[PDB]
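Numbered from 1 within each chain, the chains take letters A, B, ... in sequence-line order. Scope of the values below: all heavy atoms of this structure, side chains included, with no hydrogens, waters or symmetry mates.
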Amino acid sequence: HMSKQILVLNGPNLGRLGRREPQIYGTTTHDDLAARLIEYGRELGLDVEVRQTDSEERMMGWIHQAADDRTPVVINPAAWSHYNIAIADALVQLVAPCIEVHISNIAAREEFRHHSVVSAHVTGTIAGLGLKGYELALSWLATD
Amino acid sequence: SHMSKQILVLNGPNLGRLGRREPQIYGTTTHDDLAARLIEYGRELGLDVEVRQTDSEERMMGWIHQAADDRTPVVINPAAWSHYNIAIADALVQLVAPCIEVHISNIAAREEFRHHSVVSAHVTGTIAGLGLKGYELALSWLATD
Amino acid sequence: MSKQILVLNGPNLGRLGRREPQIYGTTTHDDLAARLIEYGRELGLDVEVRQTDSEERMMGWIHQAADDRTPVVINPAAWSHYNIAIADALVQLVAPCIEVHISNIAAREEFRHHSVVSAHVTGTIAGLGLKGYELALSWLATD
Amino acid sequence: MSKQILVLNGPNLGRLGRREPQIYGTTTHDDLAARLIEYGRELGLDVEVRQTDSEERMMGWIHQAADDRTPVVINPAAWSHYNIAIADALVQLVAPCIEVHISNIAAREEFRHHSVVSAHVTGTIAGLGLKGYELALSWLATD
Amino acid sequence: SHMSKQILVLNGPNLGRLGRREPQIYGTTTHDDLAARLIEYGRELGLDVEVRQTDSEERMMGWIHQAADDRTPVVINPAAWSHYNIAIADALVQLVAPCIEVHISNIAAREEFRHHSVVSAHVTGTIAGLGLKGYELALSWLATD
Amino acid sequence: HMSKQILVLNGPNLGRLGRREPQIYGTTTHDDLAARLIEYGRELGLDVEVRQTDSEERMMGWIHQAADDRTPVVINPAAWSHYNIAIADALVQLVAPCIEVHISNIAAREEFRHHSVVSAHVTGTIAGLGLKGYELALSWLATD
Amino acid sequence: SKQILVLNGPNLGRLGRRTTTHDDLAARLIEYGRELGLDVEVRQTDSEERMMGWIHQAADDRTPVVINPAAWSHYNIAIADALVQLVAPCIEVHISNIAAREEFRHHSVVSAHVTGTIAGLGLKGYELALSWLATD
Amino acid sequence: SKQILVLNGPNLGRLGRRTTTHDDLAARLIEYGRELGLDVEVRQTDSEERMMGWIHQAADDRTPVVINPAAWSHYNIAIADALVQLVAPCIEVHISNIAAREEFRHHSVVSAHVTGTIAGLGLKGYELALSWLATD
Amino acid sequence: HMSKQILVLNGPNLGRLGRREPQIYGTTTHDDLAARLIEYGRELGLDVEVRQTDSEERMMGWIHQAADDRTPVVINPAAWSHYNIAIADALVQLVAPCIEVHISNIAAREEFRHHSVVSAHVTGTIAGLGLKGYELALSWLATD
Amino acid sequence: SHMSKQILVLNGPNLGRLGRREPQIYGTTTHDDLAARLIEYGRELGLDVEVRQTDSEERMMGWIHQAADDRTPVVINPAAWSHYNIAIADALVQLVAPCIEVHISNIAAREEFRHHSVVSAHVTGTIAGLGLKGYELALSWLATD
Amino acid sequence: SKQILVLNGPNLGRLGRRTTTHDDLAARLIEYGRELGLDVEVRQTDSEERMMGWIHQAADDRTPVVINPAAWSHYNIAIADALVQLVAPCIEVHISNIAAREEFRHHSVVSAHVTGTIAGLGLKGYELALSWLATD
Amino acid sequence: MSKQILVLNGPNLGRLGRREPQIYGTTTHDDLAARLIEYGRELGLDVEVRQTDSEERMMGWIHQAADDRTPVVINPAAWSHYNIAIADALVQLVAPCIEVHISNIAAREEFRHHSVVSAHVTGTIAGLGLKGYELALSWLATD
């Protein structure tokens with residue numbers, strides 16, 4: 001209906017959610033996470049789409065389309081956060097709000113993980129609050 | 001909507017001047033208005049929220065020590081203390097129950113001296129740049145934990 | 001008998017005309033390609049212009065230019081700041097290679113000042129807008 | 001109708017007269033306060049001078065000067081090298097603010113060279129001894 | 001000489017151009033010639049060797065994910081990805097069976113931008129500067145593990 | 001009587017001794033530590049006072065009084081060691097000896113804990129020798 | 001008149017000994033400029049005072065400048081702060097590819113303060129700067 | 001005679017184009033000095049040789065100096081080493097708040113070698129330096 | 001006979017192999033390692049000598065003799081790798097190939113262990129492959 | 001005062017010249033005088049103290065290896081080796097019984113090249129700036145451990 | 001003729017006030033040179049333009065140079081790039097032990113580009129440079 | 001009545017004549033020692049020349065020169081870049097000490113630019129080849 005469209009974009013290695021360090025990332029799969037956010041979104045009157053790719057080209061294409069559509073974006077750039085200026089430069093084209101989400105507490109990990117090249121270029125950032133961080137981002141966008 | 005699980009929201013230096021403090025960055029809501037809002041939002045989630053603000057690191061450390069003993073989850077905005085105050089970071093390491101760091105402004109988008117938090121490594125997680133709504137997200141997280 | 005030249009544009013340059021017009025102009029990538037092909041023809045050059053957001057596709061185009069000894073004018077865009085895979089492709093070029101930045105990268109944020117490509121190519125043009133590509137072609141016309 | 005000015009002295013400055021006289025003089029903080037009030041009166045200024053080792057108390061004085069639009073002359077002393085809480089209070093001032101260092105901080109150890117306050121105030125006077133405060137008042141008398 | 005334990009050799013960007021790629025550094029053998037050589041050398045050690053090359057980080061990550069699930073030992077030459085590509089490093093952390101990083105050239109003897117590998121901390125070990133023979137050393141190691 | 005007065009000053013978080021990481025800090029409380037040092041001091045013919053504060057203002061006041069009284073100081077600045085130039089500048093006013101004590105081995109901890117801004121400005125430093133480090137400082141001052 | 005000023009900094013008077021001479025370069029650019037309908041003058045100095053004076057006058061005259069600061073590029077903030085006064089475009093030219101040389105040569109203090117920079121394209125770099133200014 | 005020398009470094013001859021001119025500043029400080037019973041002279045140069053000569057003569061004459069090194073502040077050790085020869089006080093003045101500008105402007109190589117520094121208080125900074133020297 | 005002579009040189013603390021962190025270094029002694037490499041070498045038609053010293057003077061003398069004899073060298077400089085330019089400058093005199101071996105994965109350890117001052121000056125480097133790394137070095141030299 | 005628990009005091013380079021070595025910093029006592037003093041002080045605490053000094057890193061490493069095998073507590077003054085000598089640090093990691101690093105001078109108050117010790121992270125703890133009495137404090141600590 | 005040029009940079013005209021004067025040093029080196037069968041000239045300037053001109057002429061004449069760049073050592077790449085043009089040997093002399101001074105004085109931008117450097121051996125350092133050139 | 005001088009050569013200098021002749025010459029260490037003893041004799045100096053790869057042996061020679069107040073000319077070779085134990089021995093010398101490097105260490109890799117010895121000795125000669133030792137002796141002849 002008049003339901004606000006939101007795009008959740010997950011970058012490299014996040015297709016493997018559930019196989020990795022469960023105390024940090026959970027045993028929830030990417031398919032389980034997508035279903036959860038779509039359902040959570042529906043309860044908030046949001047029309048949520050969830051996409052994951054290991055391809056920077058495909059991710060840049062999704063960001064370019066969100067720019068053109070003025071679709072709010074929740075992005076987890078995963079390891080690209082530490083270095084990928086091509087992804088940061090795509091995000092600068094967005095018009096609607098953009099929230100960066102890290103599942104793990106990147107500040108508590110190795111020094112090479114502390115800095116995000118994305119954070120300066122988005123609305124805000126949520127880190128270390130697990131998969132629930134994505135739900136917080138949707139909650140914020142529901143009342144924006 | 002049954003207000004029973006206790007949560008402590010702790011605001012550090014200069015946040016008592018919310019509403020007058022650089023409103024183009026932090027907005028026009030006063031600290032009193034924010035405290036009332038978070039208590040009301042908490043009640044809707046069945047949380048019993050207390051909101052406290054101080055410019056005194058001694059008083060803040062005392063509040064953190066008591067939350068450690070009480071096993072009370074904490075939402076803390078250390079404001080400028082985030083950039084350097086290892087005494088505040090070392091108090092937060094004593095907490096047992098979860099702790100969420102909140103920054104109203106997007107610190108990564110400001111001057112380089114504001115980018116690093118000495119607190120972030122020592123808490124559960126951090127919310128930055130989502131305005132006063134970031135406090136409500138932290139409470140939402142704690143409501144279902 | 002026209003000398004073949006390859007112009008290669010990297011990530012986000014398919015969106016030319018969308019943002020920051022005072023830097024990048026209001027022209028689309030298709031409009032830029034048509035302009036450089038026409039400018040090349042006037043100089044007696046046979047110019048091909050390609051754009052990709054894919055480092056695999058870009059590396060393939062650089063490898064073919066290395067095999068063909070085709071001079072290259074490359075705008076690596078954000079890849080300039082970090083992408084050693086693209087720099088390692090460019091070192092294999094045999095004919096000259098000119099790096100072009102539309103914007104004055106020295107005048108921007110500190111993370112944009114260093115190019116990992118510049119040490120590995122013939123030379124670099126930065127800050128002279130879309131006309132920078134035409135200068136690169138002018139240089140290659142008399143080389 | 002005398003213009004109100006606030007002089008605020010930070011940590012360790014209550015001990016003026018105790019150590020390093022060749023830098024800080026042999027005058028006490030009480031003697032400095034009396035001198036600046038008298039100097040201010042001669043310029044038609046109503047000067048108040050306050051000193052604290054408490055960052056809470058200092059932040060409260062800065063907040064009141066922000067609310068009152070009172071020009072401030074501040075010597076943050078050692079807080080200059082690290083105290084972002086004091087710098088974040090000073091950014092809220094509306095009327096001018098002049099940072100004063102009695103000593104030449106550039107001539108001392110490297111840990112003393114950088115002030116976290118200087119970017120956030122109108123301007124800075126360093127190395128001109130107790131007279132630096134009088135220069136700050138002279139500037140504010142004609143502003 | 002009984003070819004049964006499966007090993008995966010994965011070559012990253014620009015290695016498809018071996019033979020033409022800076023031959024004074026990397027030698028005159030083609031990638032096809034190298035693959036045939038390692039399969040033959042593996043067979044002599046009773047290893048079943050597969051050799052794959054890609055310029056696509058997506059395709060490489062997919063190969064690493066499958067080796068994680070298959071518990072297949074990996075010999076990887078990440079080439080220029082070694083200097084910066086944390087996405088490739090984070091894929092390799094998923095491997096369970098051993099992983100050996102190989103660099104054909106002595107990266108420590110080249111420009112400063114080539115000295116650091118982001119991969120080395122996350123694998124079993126690293127061989128650098130021993131030419132195409134470094135791949136055979138990695139297989140020799142895996143034959144007796 | 002003619003017993004030498006010594007001041008032991010403990011900075012932030014040390015009022016919580018006993019609650020923290022016991023393998024490093026012990027299960028001894030600040031009250032237990034104070035009683036121990038006063039008794040140990042008495043055996044050495046020292047009149048020991050032990051004070052603890054989370055307040056930099058209160059600590060600076062105690063250091064200023066030790067400067068005026070020429071009282072030797074044993075100080076554990078705790079986390080203030082890493083950054084607090086106000087505390088370092090107060091200690092430069094001391095006339096009698098000053099020994100900095102760290103309970104934990106700060107060199108073996110995170111890099112942000114390695115540097116003390118206090119060490120250059122005092123007589124000497126004892127680190128990693130636990131609560132017994134305070135007794136070593138008193139032993140040194142007993143024969144000074 | 002479409003006047004352009006080409007300004008060469010320290011040691012560039014020694015071009016050919018340091019095989020084209022500075023005189024040969026100047027004659028080439030004046031001729032090349034004329035072909036494009038530009039009135040080009042070429043000046044060289046080892047004096048930062050003289051160079052600053054030339055830049056100040058170009059600021060007042062709104063004359064486009066092509067500058068090769070040579071070694072001043074790596075440190076001379078006085079020259080960078082003179083160039084900030086220019087109103088018309090200013091193109092920095094480096095004959096050599098400074099990115100391919102020692103690390104002390106990589107950074108230019110001038111680049112942030114000018115329109116654009118051309119590096120590594122040899123003496124033809126000056127002709128590209130003139131070609132740019134011919135159509136501006 | 002209570003003589004004071006005000007020395008202005010590179011690009012400061014362009015004050016007002018770079019709205020008070022250098023001539024207007026000089027006239028103001030000479031007049032302000034006279035009111036304080038000081039005999040003030042104001043000199044400006046883009047030449048480090050000329051500036052060094054002025055500093056050497058001030059050293060020999062024991063004349064207090066107010067210096068604005070402008071961009072030389074960030075790098076010019078030759079000027080810093082001349083200032084070390086001064087016997088009477090020397091006050092460094094910056095018109096702008098250099099701490100509030102780009103990071104390359106934050107450090108002065110002069111500040112360690114002079115009596116004191118005044119920054120960010122505009123052209124009135126020169127008058128504060130004179131006021132200090134009137135009572136020294 | 002016509003068997004190729006190879007020198008394996010082990011630097012400081014490697015005389016203690018077997019006593020240290022066994023999950024990394026093994027429980028194999030230096031004597032056991034020497035016997036193993038000599039036997040492995042013989043199977044490859046190499047005449048292997050294995051020497052260990054805590055003395056930089058003695059190590060430099062062995063490298064100088066390998067330079068004069070044109071003997072290929074396998075060296076484990078151990079902690080000297082991180083700083084010892086005297087050892088690096090001796091290795092530059094070698095004519096025949098030289099392979100640097102680290103038993104542990106130095107890249108996975110503390111930051112002070114990441115950089116080797118030796119690696120730029122030798123043929124190549126093997127790290128993190130345990131005592132088997134020495135056998136890989138000999139295998140390489142057997143077909144050189 | 002019953003001399004039975006064995007303690008080893010190990011002094012590194014240039015400490016054999018105590019008394020002549022920069023006496024304004026290190027004092028006028030000779031190394032022989034210091035050794036006699038520590039043995040006597042140890043005896044009063046019921047410790048059997050041995051004091052050894054060498055300019056030879058090989059000899060020092062040998063002494064550390066034997067203390068590892070003997071489980072003998074060590075008091076070490078590595079002197080200038082503290083700033084760089086990872087071979088000495090890696091020997092000390094083999095010790096099982098406690099180890100106390102002593103610096104006679106306040107290294108934090110000297111040139112920047114003297115501030116960092118590569119040894120401190122690898123020992124029990126460190127005493128600096130308390131002169132020759134710092135050795136006696138280390139023995140006092142070991143007497144009650 | 002075995003001609004040697006000794007070139008002194010900024011502030012060295014003030015030797016003795018900054019107790020041997022620059023004139024006393026020049027007379028000493030001319031006399032010392034003559035004893036070694038060298039024809040020595042000694043020149044001093046605070047002008048980088050004048051110094052660059054002297055270096056350019058020494059390059060063309062293949063005259064060995066002994067240079068004391070004084071504060072230019074720490075930053076002046078224009079002077080370093082002039083010295084690269086020299087054909088005959090060039091010895092950099094520092095009167096003081098620059099390694100023992102402030103950290104900003106430790107690095108010379110000249111040292112990489114000359115034959116060798118002598119530091120901390122006082123005015124006798126110039127005589128050692130001449131002694132080296134007498135037997136080269 | 002001849003003034004005694006000690007020339008001390010550190011690690012790898014026993015191999016003089018073996019490698020990089022364009023820097024180090026084709027002369028052996030024995031040939032260099034004979035040359036400096038003869039050069040010293042001509043200046044009225046009694047010169048002894050010693051070389052070691054052992055930091056213990058070198059520290060012992062420096063300690064004896066400190067006790068004897070013998071001027072020292074030292075080439076610490078690679079120890080210059082890191083060996084604080086050798087620098088701490090040299091600080092104990094009473095008579096002058098001149099550090100000599102045969103090669104121009106400023107012209108080599110960045111790891112060779114810094115000497116930990118130079119701050120602690122009278123002065124330094126670098127890049128003037130074997131003749132650098134003779135210059136050091138010439139300086140000591142008139143001191």
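At a threshold of 4.5 Å between non-hydrogen side-chain atoms, the residues H:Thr63 and H:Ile4 do not count as touching. Using a 4.5 Å cut-off on side-chain heavy atoms (C-beta onward), G:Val6 and G:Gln44 make no contact.
Closest of all the heavy-atom pairs between H:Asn68 and H:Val93 is CG-O, 3.0 Å. Scanning all heavy atoms of the two residues, the minimum distance from K:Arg18 to K:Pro10 falls at NH1-O, 4.1 Å. Minimum interatomic distance between D:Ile125 and D:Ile98 (heavy atoms only, all atoms of both residues): CD1-CG2, 4.0 Å. Shown here for H:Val84 and H:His113, the closest heavy-atom pair between the two residues is CG2-ND1, 3.7 Å. Nearest heavy-atom pair across C:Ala106 and G:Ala112 is O-CB, 3.4 Å. In this structure, G:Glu102 and G:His106 approach most closely via the heavy-atom pair O-CD2, 3.1 Å.
Atom OG in K:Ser47 sits 10.5 Å away from atom CZ in H:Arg50 (nearest 0.5 Å). H:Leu7 CG to H:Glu41 CD: the interatomic distance, rounded to the nearest 0.5 Å, is 10.0 Å. Distance check, rounded to the nearest 0.5 Å: CG of K:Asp60 to CD1 of K:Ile55 gives 12.5 Å. Here H:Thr117 contributes atom OG1 and D:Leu128 contributes atom CG; the two are 7.5 Å apart, rounded to the nearest 0.5 Å. G:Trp72 contributes atom CH2, which lies 14.0 Å from atom CD1 of K:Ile77 (distance to the nearest 0.5 angstrom). The distance from atom CD1 of H:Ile79 to atom CG of H:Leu83, rounded to the nearest 0.5 Å, is 6.5 Å.
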Query raised in the report: Should H:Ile95 and H:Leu15 be marked as a side chain to side chain contact (heavy atoms under 4.5 Å, CB included) after you check the CA-CA gap, both sets of side-chain angles, and the distance that decides it?
Result: CA-CA 11 Å; H:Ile95 298 167; H:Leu15 274 174; 4.1 Å; yes

Query - Intermediate values then yes/no, side chain to side chain contact (heavy atoms under 4.5 Å, CB included), K:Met51 and K:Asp46 - result: CA-CA 8 Å; K:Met51 180 66 80; K:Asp46 295 344; over 6 Å; no

Query raised in the report: What do the steps show when you test G:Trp54 against G:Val65 for side chain to side chain contact (heavy atoms under 4.5 Å, CB included), and what is the final call?
Result: CA-CA 10 Å; G:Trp54 289 341; G:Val65 168; over 6 Å; no

Query raised in the report: Which is it for C:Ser80 and C:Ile105 under the side chain to side chain contact (heavy atoms under 4.5 Å, CB included) test, yes or no, and what are the steps along the way?
Result: CA-CA 10 Å; C:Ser80 301; C:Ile105 60 164; over 6 Å; no

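Of the charged side-chain nitrogens involved, none lies within less than 4.0 Å of a carboxylate oxygen, so that H:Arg28 and H:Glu31 do not count as a salt-bridged pair. Between H:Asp81 and K:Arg14 there is no salt bridge, since none of the side-chain N atoms of the basic residue sits less than 4.0 Å from a carboxylate O of the acidic one. Under a 4.0 Å N-O distance rule, the pair H:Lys124/H:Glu127 does not qualify as a salt bridge.
Side-chain contact check for D:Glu99 and D:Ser118: at least one donor-acceptor pair (N or O, by modelled atom type) lies under 3.5 Å. With no hydrogens or angles considered, a side-chain donor-acceptor pair links H:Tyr126 and H:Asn8 at under 3.5 Å. A side-chain donor from one of G:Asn11 and K:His56 sits under 3.5 Å from a side-chain acceptor of the other.
Relative ring orientation between H:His94 and H:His74 is described as parallel, the plane-to-plane angle staying below 30° on a 0-90° scale split at 30° and 60°.
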